[PDB]
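See structure below.
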């Protein structure tokens with residue numbers, strides 16, 4: 001991927017919106033880039049609810065590093081599109097704009113795809129209730145007197 | 055017992071002495087161990103552990 005930094009994600013989002021890039025002659029302004037980096041950090045910190053939310057590999061900026069821009073985002077190759085489409089949607093209201101329907105649809109699809117594998121992994125089944133016999137077919141259980149399953 | 059040799063033993067009578075020894079005990083030798091509720095490894099082998107402790 002050629003998108004490897006927070007600034008790269010911001011540039012892609014602004015290009016999607018119609019605020020930067022070369023499809024129009026407009027160029028990226030530093031005051032409009034810092035705000036978008038702030039919004040991206042807030043959005044990913046909200047998605048990653050201390051590890052209990054969406055897992056994407058994003059690397060959070062530290063107060064020591066002066067520009068949060070310039071750091072690698074740390075995402076995988078399959079998260080970039082979702083992340084920067086949702087970023088475009090999030091930062092559209094600043095310019096009194098409105099993300100187009102295609103961008104909204106792609107953002108929804110990307111977020112769902114981002115959480116799909118985590119949802120599959122978190123779909124787990126509980127152990128047998130503590131008040132449940134092991135049965136007399138389980139020969140080892142009948143041997144060491146493991147008549148009931150542990151539980152929890 | 056001691057033993058003298060001679061005929062007159064005025065003021066030579068001895069006394070009696072009987073020494074002794076003492077036997078005591080130290081500290082218990084234990085095999086304190088734990089049994090987690092929800093463990094297959096603890097449900098099994100908690101009798102082999104008793105045998106090994108013996």
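Residue numbers (the deposited numbering), protein chains in the order written: chain m, 1 to 152; chain D, 55 to 108. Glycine included, every Cβ here is placed at the ideal spot set by N, Cα and C.
Asked                                                                                 : Found
Span separating the alpha-carbon of residue 89(D) from that of residue 63(m)          : 47 Å
Near-chain m residues of the region 67-91 of chain D - C-beta to any C-beta below 8 Å : 91
Neighbour flag for residue 29(m) against chain D, beta carbons, 8 Å                   : no
Beta-carbon proximity check, residue 234(m) vs residue 88(m), cutoff 8 Å              : In this structure chain m extends from 1 to 152, so residue 234(m) is not present and cannot be described.
Enclosing alpha helix (DSSP H) for residue 8(m) [first to last residue]               : 6-17
Alpha-carbon spacing of residue 19(m) relative to residue 94(m), whole angstroms      : 11 Å
Anticipated Cβ contact below 8 Å, residue 36(m) with residue 103(m), distance rounded : Going by Cβ atoms, the distance from residue 36(m) to residue 103(m) rounds to 15 Å, so no, they are not a contact pair.
Buried versus exposed, by CB contacts within 10 Å (16 or more), residue 46(m)         : exposed
CB contact below 8 Å: residue 65(m) versus chain D                                    : no
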